Amino acid sequence: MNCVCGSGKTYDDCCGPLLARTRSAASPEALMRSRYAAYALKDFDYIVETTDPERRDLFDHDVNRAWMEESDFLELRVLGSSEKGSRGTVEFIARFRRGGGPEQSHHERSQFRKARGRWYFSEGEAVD
Ligand SMILES: [Zn+2]
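Residues numbered from 1 in each chain as written, not as in the entry; some residues may be left out. Heavy atoms only, no water.

If you check the header, you'll see the entry was determined by solution NMR.

If you look the chain up in the PDB entry, it shows as SEC-C motif from Rhodopseudomonas palustris. In the PDB, the title recorded for this entry is "Solution structure of RPA3114, a SEC-C motif containing protein from Rhodopseudomonas palustris; Northeast Structural Genomics Consortium target RpT5 / Ontario Center for Structural Proteomics target RP3097".

Colleague: Just to check I follow, could you spell out unusual backbone geometry for this structure?
Modeller: Among all residues save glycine, negative phi is the norm, and among peptide bonds the norm is trans. Positive phi, close to 65°, is recorded for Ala-26, a residue that is not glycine. One non-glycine residue, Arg-116, lies in positive phi territory at about 55°. Take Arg-116: it is sitting in the loop between β3 (103-115) and β4 (118-125). Overall, the relative accessible area of 71% leaves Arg-116 in the exposed class. (Helix = DSSP H or I, 4+ residues; strand = E, 2+ residues; numbered from the N terminus. Buried < 20%, exposed > 50% of the residue type's maximum accessible area, 1.4 Å probe, protein only.)

Colleague: Which parts of the structure should I look at to understand the nonpolar core?
Modeller: Soluble globular proteins tend to bury their nonpolar side chains together. By size, the foremost hydrophobic cluster in this structure holds 25 residues, and its most contacted members are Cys-5, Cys-15, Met-32, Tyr-46 and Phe-112. Among the elements of the structure, α1 (11-19), α2 (28-40), α3 (44-49), β1 (71-84), β2 (87-98) and β4 are those that each provide at least two residues to this core. Ranked by residue count, the leading element in this core is α2, at 7 residues. Here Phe-112 is in contact with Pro-28, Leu-31, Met-32, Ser-86, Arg-87, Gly-88, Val-90, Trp-119, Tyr-120, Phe-121 and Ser-122, once residues within four sequence places are set aside. (Core = buried A, V, L, I, M, F, W, Y, C linked by side-chain atoms within 4.5 Å. Contact = heavy atoms within 4.5 Å.)

Colleague: Please explain the coordination of the zinc ion as it appears in this structure.
Modeller: Ideal donor angles around a metal are set by the shape: a four-donor tetrahedron calls for 109.5 degrees, a six-donor octahedron for 90 or 180 degrees. Every protein donor of the zinc ion is listed here as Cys-3 (SG), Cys-5 (SG), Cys-14 (SG) and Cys-15 (SG), and their distances to the metal cover 2.3 to 2.4 Å. Viewed at the metal, the 4 donor atoms of the zinc ion are separated by angles of 108 to 110°, and the geometry they form is tetrahedral. Each donor residue of the zinc ion belongs to the same chain, and together they define the spacing C-x1-C-x8-C-C. (Donors = N, O, S within 2.8 Å, 3.2 Å for Na, K, Ca; no water. Tetrahedral: all angles 85-135°; square planar, octahedral: opposite > 155°, others 65-115°.)

Colleague: Honestly, the pairing of β3 in this entry has me stumped. Any pointers?
Modeller: Looking along a regular strand, one sees the side chains alternate between the two faces of the sheet. Summarising the sheet, β2 and β3 pair through 11 bridges and their orientation is antiparallel. Within the sheet, the bridge partner assigned to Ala-94 lies in β3 and is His-106. The turn linking β2 back onto β3 is made up of 4 residues, and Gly-99 within it adopts a positive phi angle of 100°. Alignment of β3 against β4, held across 7 bridges, turns out to be antiparallel. In the sheet register, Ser-110 faces β4, and the bridge partner there is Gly-124. Following β3, the chain reverses through 2 residues before pairing antiparallel with β4; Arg-116 in that reversal takes a positive phi of roughly 55°. (Pairing = 2+ DSSP bridges.)

What follows is the structure, given as structure tokens:
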């Protein structure tokens, strides 16, 4: 019994404290794979909350849903990650079934901003 996200953990022991909004991930990767689970659980509310203060204004309820509507999240596979005081960076691959049949994998590197000890998603794009 393992979590549906990059964590050798259960659902509760892993994503639970994050989705409960009770405990801070304290790590860029720890935040990322927990948010990934929220996408699969359509808890886009959690997503927005743990998004960068600047980027959070850019988010929308339906748009946040739009991704899961077309991309069925199968598995999350982290490649690398690093916390640097207040700046974080994580390279990953998100494997999802996009459409009726094809499994597509989104490989990119997301930067995270640390605010008040909590991690917030700043942005992510193709690995440079
Ligand atoms: Zn998890």
